[PDB]
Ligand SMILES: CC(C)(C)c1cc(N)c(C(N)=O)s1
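Just the one chain here, the form deposited without this ligand, laid out as structure tokens.
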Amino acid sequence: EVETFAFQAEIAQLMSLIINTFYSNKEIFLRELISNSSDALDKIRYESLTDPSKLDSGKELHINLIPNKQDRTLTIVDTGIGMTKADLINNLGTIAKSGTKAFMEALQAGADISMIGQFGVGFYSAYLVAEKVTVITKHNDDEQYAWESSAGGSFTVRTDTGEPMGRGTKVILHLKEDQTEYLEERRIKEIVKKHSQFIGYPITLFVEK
């Protein structure tokens, strides 16, 4: 059973600007998704300081990067706090209406797209490289859900009866045909070293074959 929702107008405008602006420095999407994973991991760690049972759904706090050349997907997995269904619907747990407003004002004043994370809407930088994004998530207080969007003004949410996650978020980037460099080990390693050197959780880059 699949529910289809319209993006709020401002989020549809953000996504269109990300997809249609000429901007070569696309690799920052990975920094932004890793930063979001780090933020989610910090939240479950904080909750666990006063309630150790918060980690009954998984004690390890980590980020995995999983390229798949046959499916043309790059998946970013973390064991952070996850998202409830309500968080997914509410712009993946962001204040994206006010963040988009500020970001578009900053772009008109001379900022560039790489600054998107300063406005709290870095998730949507996935559309620099992905034609479709699927987000699987599990929060301790809710069931496992799949969010998906190919932009175009709408997103879907469904209960996910597939591979159980324990707790956390998996962002599956269905890459554009001309963006397959982000499946190459040496390219991913270079981006993680350049932009994510101070992330305080283990980042494991899986290899293929």
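The first residue of the shown sequence is 1; numbering continues from there. In this text, the rigid core denotes the largest set of C-alpha atoms whose superposition between the two forms falls within 1.5 Å. Residues that one form lacks are left out of the comparison.
Omitted here: the form solved in complex with this ligand. The next part is about that form.
Run the site superposition, bring this ligand over from its position in the deposited complex, and let me know if the shown form is open or blocked under the 3-atom, 2.4 Å backbone or C-beta criterion.
If you fit this ligand onto this chain using the C-alphas around its site, the pocket comes out blocked.
Would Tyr182 count as touching this ligand in the deposited complex under a 4.5 Å heavy atom rule?
Looking in the deposited complex, residue contacts with this ligand do not include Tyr182, since no heavy atom lies within 4.5 Å.
Flag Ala96 as yes or no: does it have a non-hydrogen atom within 4.5 angstroms of any non-hydrogen atom of this ligand in the deposited complex?
Yes, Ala96 is a contact residue.
Quick one: is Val135 in contact with this ligand in the deposited complex, heavy atoms, 4.5 Å cut-off?
Residue-level check for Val135: yes, a contact with this ligand.
Does this ligand come within 4.5 Å of any heavy atom of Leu88 in the deposited complex?
Within the cut-off, so yes.
Can you list, in sequence order, the residues from 52 to 71 that come within 4.5 Å of this ligand in the deposited complex, counting heavy atoms only?
Heavy-atom contacts to this ligand in the deposited complex: nothing from 52 to 71.
Only one of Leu92, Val133, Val129, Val77 shifts by 2 Å or more at CA between this form and the one not shown when the core is aligned; which is it?
Going through each option, the one that shifts is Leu92.
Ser154 to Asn91, Cα distance in the deposited complex relative to here: closer or farther, by 3 Å or more?
Those two alpha carbons end up farther apart in the deposited complex.
Might you say whether the CA atoms of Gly93 and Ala151 end up closer or farther apart in the deposited complex than in this form? Their distance differs by 3 Å or more.
Here the pair is farther apart than in the deposited complex; there, closer.
Send over the list of consecutive residue runs, 3+ long, where the C-alpha shift is 2 angstroms or more at every position between this form and the one not shown on a core fit.
90 to 94 is the only stretch that shifts between this form and the one not shown.
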